[PDB]
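Step one of this worksheet: look at the structure below.
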Amino acid sequence: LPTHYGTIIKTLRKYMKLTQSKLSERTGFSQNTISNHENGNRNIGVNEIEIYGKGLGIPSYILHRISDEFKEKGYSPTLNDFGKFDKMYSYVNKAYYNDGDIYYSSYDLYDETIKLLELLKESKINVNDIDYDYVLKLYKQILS
Amino acid sequence: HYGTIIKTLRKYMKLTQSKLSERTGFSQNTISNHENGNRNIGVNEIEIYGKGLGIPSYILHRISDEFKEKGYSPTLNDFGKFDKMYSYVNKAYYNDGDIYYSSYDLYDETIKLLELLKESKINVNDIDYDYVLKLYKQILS
Amino acid sequence: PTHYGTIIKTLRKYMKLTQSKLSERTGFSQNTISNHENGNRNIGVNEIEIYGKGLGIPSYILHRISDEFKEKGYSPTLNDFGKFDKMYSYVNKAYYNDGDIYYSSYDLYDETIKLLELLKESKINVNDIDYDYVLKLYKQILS
Amino acid sequence: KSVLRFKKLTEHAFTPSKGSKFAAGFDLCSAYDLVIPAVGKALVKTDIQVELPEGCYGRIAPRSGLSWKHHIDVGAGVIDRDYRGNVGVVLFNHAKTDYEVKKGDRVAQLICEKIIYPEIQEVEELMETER
Amino acid sequence: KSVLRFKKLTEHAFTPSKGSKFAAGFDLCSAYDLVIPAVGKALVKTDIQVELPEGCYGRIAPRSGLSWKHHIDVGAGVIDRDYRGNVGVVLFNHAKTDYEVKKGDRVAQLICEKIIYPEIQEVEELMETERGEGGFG
Amino acid sequence: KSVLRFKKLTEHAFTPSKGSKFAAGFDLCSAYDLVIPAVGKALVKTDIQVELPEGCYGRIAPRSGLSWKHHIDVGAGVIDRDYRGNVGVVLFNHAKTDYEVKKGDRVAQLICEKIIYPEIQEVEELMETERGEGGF
Ligand SMILES: [Ca+2]
């Protein structure tokens, strides 16, 4: 199954309001190399996602998890709603590295970010309307 | 509190007001206000005092626990026997496997062991290391 | 200390080294080495490390050969060192490249011996056996 | 920089990852589904081989959440610098229940522990401490 | 020099201490009284947060006396450099009887283990070790 | 270079050894025959004392074959730089059967783990993980 890394990077580059040239100065890839990556002519290796992840400001493993969502579902709900994922992932990272109840009970910051988003959607509660302490209390309930 | 601790231990180890100053880096006025009680000693300074005096800082906290527990510190009142015996407990911990794999707290084991010599009236300079090592192994069952 | 002189003299000749070439590697004089090999001078534990580096053999294998001397009066491993050398290379490649050996091995020397005894039991020549076949026999000994 | 190189032995192997730059080790993911029996053990294969940077070895260290929440300890854990086989994670399930590991679960982390490779020298001194 | 910074989260926190300058780690004291059940586990809170010196991480290592005499093992033990939460000591009681941990008892020690923080790089080359196929020489 | 010094305390002590120069640790051999009881423990004596090279401590780490095949974990394992007593290997036998350790068996390995000997400093401020709270 295809990895769809070309569409993922082009979508995330536009989400970060970066031109192909500005990303080119961070990654070190040429503007033509970046264009061929986004279009699909040149394949993107596991070491190129690492370079793209640092250039975009996103941990590279989230780009792998988005590519895995494409293979399993045909689409990526995280990529479709990345703004809500970005804001929600900031809360779990602050909670993971500052709260012992999360550090000693967490399993996967990506997986727990999705379920945390799903539980706000379960209550149909909008992100960005939520507080950090409000999400932390719910974070500790999912982790017993 | 801690000011009284420092004055007794500084005099026990034969140090002047001046000799303490350049080991700590503290001025003599800071030290003088510390020892009588005008200026309180924050906990990052006791480690500096501990290295300047030559005693592990955690024993100075343990002496403070005796003050909180009894109003005075019997170990500080009898520091000469504690210092020499702590040399024996430290030697046994780092040289005998029966202590290294059974010790819990070098201070607590030094304190109780002194009480077993005081209970039976045996003098510190009168005891040898080899006999003290034998009594150490029973307390560590 | 129990036959170490014979070990060095035999292994030096097995590795096609002169007394001088070993002398130039170890730093020992040719006279010190000669007295070591004959039995006049006793070999301390720190010299086996020096001899091991000079011969190109891990010093602990020289200790294991000495244990056979203490146990039997002779060393069958030293008597057939050419086959041990070739078989020890196979166990080393398998130990560092296959997880089934890395997570089940106990001692590369003992396991080299067991493989040698199983080739002799089955009338198989060491110089003739392949590594991929040897790897399966190693995994059989390590259940 | 220092580089930790890896190679996927199968399709099921996962790329080791960190969440931040200051993570102690790279998370190791299980390449298969398996069950760790109660008061039992299991060898989780990652289907990767590693080449460690110089001056260190590879310590398979536990993950905090899995150890505390599921009573699981990591055994062995010493990966020599010259090991190029499948990296296996030895897991001890001390709980009274079986634990089910899923493909992609982070079962441990690989820490590049700086160590000394010294020469050994036998002494006849009885060495005594200096306290 | 290298500095290990810590802050007490409550009054119950203890200052980590060593017996000698070259002790491997700073002793970590339990901030509460608790019982680790037989063939069971417990997360011991130190009520401190730490900032580790550069070029290392914090390994919560066992103490020899408590491990050998009381059948206690230290689980987890990896303290990342950027972790600022409550430092917890995961203890596994493998004995058939409960163990009573008291406030202030040294349950483990924190070692600043020098490590490398490398970048990860995937190769297509099959890696293989030199030793073998040649032998001594 | 850096030297790991040891001394045999009895006739039964074994010289710690590696198979290659780049092995992580020196193999520690049991100096006596003993039994590690089922779901139990044992303190295996090596009958050696060690002096470690500078800038490190001695970690008694498990060996892969014995841990996986026999359900054995290494407890304690911290050897301070100034310890000159008999080096003991704490072994936990988690299996439901007794395990027999025999004289000469390699029960663990000694790794000279590079560590920092830092200063301890108490702060009053609540320390914050300072990196990523404003999003990617
Ligand atoms: Ca363990």
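Throughout, a chain's letter reflects where its sequence line sits, starting with A, and its residues are numbered from 1. In each ligand, atom 1 is the first atom listed, and ligand 1 is the first ligand listed.
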- Query: If you round to the nearest 0.5 Å, how far is NZ of A/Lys140 from CG of A/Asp99?
  - Reply: 4.0 Å
- Describe, in one word, how the ring planes of F/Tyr99 and F/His70 are oriented to each other, choosing from parallel (under 30°), tilted (30 to 60°) and perpendicular (over 60°).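 F/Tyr99 vs F/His70 ring planes: tilted.
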- Message: Tell me if the aromatic rings of D/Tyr83 and C/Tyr96 count as close, with their centers under 6.0 Å from one another.
- Response: no
- Item | Flag for E/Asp27-B/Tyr58: side-chain donor and acceptor within less than 3.5 Å | no
- Query: Just by distance, with hydrogens left out, do F/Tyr32 and F/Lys102 show a side-chain donor and acceptor under 3.5 Å apart?
  - Reply: no
- Message: List the residues meeting salt bridge (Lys or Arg N to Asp or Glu O under 4.0 Å) with B/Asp108, not counting sequence neighbours, and say none if there are none.
- Response: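 B/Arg62.
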- Note on the structure: Counting only protein N, O or S atoms and ignoring waters, those under 3.0 Å from the Ca ion (ligand 1) are D/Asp73 OD2, E/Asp73 OD2, F/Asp73 OD2
